[PDB]
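Values reported hereafter were calculated over all heavy atoms of this structure, with side chains retained and with hydrogens, waters and symmetry mates removed. Residue numbers start from 1 in every chain, and the chains themselves are labelled A, B, ... in the order their sequence lines are given, proteins ahead of strands.
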Amino acid sequence: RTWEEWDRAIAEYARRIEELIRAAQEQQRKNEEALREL
Amino acid sequence: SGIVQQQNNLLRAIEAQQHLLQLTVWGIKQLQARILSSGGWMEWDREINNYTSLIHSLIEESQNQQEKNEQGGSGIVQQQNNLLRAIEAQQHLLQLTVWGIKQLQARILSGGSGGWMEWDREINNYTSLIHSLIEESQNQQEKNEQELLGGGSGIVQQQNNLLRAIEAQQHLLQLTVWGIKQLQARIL
């Protein structure tokens, strides 16, 4: 690869992780709540 | 199921972090071919390979288990073990890239100025934090493996632990990226 491509792949993966983490955070809350109700 | 779905979210975070980590290994390798000709770099390479193959094996196994689990709850405790091992392995691999960035940085830049003292502080802070989170997850994991056989209270807790470890790992990955970028702009 080139360094321009690398820069793009970096940013894309970073954006994907930030999204996954936001989704995991939301699911954690939904699970902890459902667990509190039970 | 929210629990199974959370396992999937974590596995996929690890997976994507693994590609980010491999990208940093490559950027280091480019920098190292431009700056050096081994002085510990032979060993470093062998270590990079070893951890990389182990992470792949743990990721693949976790992929296996994610399939079974999708539909008592032991397959999710077992998967959690593999996710934790993947995170530990990734942490080792990230430490290797930290060693690599420092070696190269010392050849071409003084450690003062340019955000490097801060970079060093922040690396030490999140290294300590992720080691504590890993320790807490190992305690929780051993407890979960005991409470089975024989519910899903420590399962949800462990999801929380693993998530926090992932998040700290992401901070460390952002730091290594910044370090590599500084070196690239400097001599490439």
Taking CD in B:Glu142 as the centre, count heavy atoms belonging to other residues, nucleotides or ligands within less than 6.0 Å. Is the count above 12? no

So do B:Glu167 and A:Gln25 actually touch side chain to side chain, heavy atoms under 4.5 Å? yes

A:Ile21 CD1 to B:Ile166 CD1 distance, which is reported to the nearest 0.5 Å: 7.0 Å

What about B:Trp99 and B:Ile130, same hydrophobic cluster or not, with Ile/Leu/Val/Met/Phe/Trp/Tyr joined at side-chain heavy-atom distances under 4.5 Å? yes

Got a second to check how far A:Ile10's CD1 is from B:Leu23's CG, nearest 0.5 Å? 4.0 Å

Contact summary for B:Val156 and A:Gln28, nearest pair of heavy atoms: O-NE2, 3.0 Å

Ignoring hydrogens and angles, tell me if any N or O in the side chain of A:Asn31 forms a donor-acceptor pair with the backbone of B:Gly2 under 3.5 Å. yes

Quick one: are B:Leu173 and A:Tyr13 in side-chain contact, heavy atoms under 4.5 Å? no

Is any side-chain heavy atom of A:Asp7 closer than 4.5 Å to one of B:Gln184? yes

Flag side-chain contact, heavy atom, 4.5 Å: A:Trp3 against B:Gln30: yes

Interface moiety of B:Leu188 toward chain A, non-hydrogen atoms closer than 4.5 Å: side chain

Report whether B:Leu36 and B:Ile187 are members of the same hydrophobic cluster (ILVMFWY, side-chain heavy atoms less than 4.5 Å apart, transitive linking). yes

Give a yes or no answer on whether the side chain of B:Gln6 reaches the backbone of A:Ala24 with a donor-acceptor pair at less than 3.5 Å. yes

Here the gap from A:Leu20 atom CG to B:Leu10 atom CG, rounded to the nearest 0.5 Å, amounts to 9.0 Å

Taking every non-hydrogen atom, the tightest pair across B:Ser153 and A:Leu35: CA-CD2, 4.2 Å

pair A:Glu32-B:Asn160: side-chain heavy atoms closer than 4.5 Å: yes

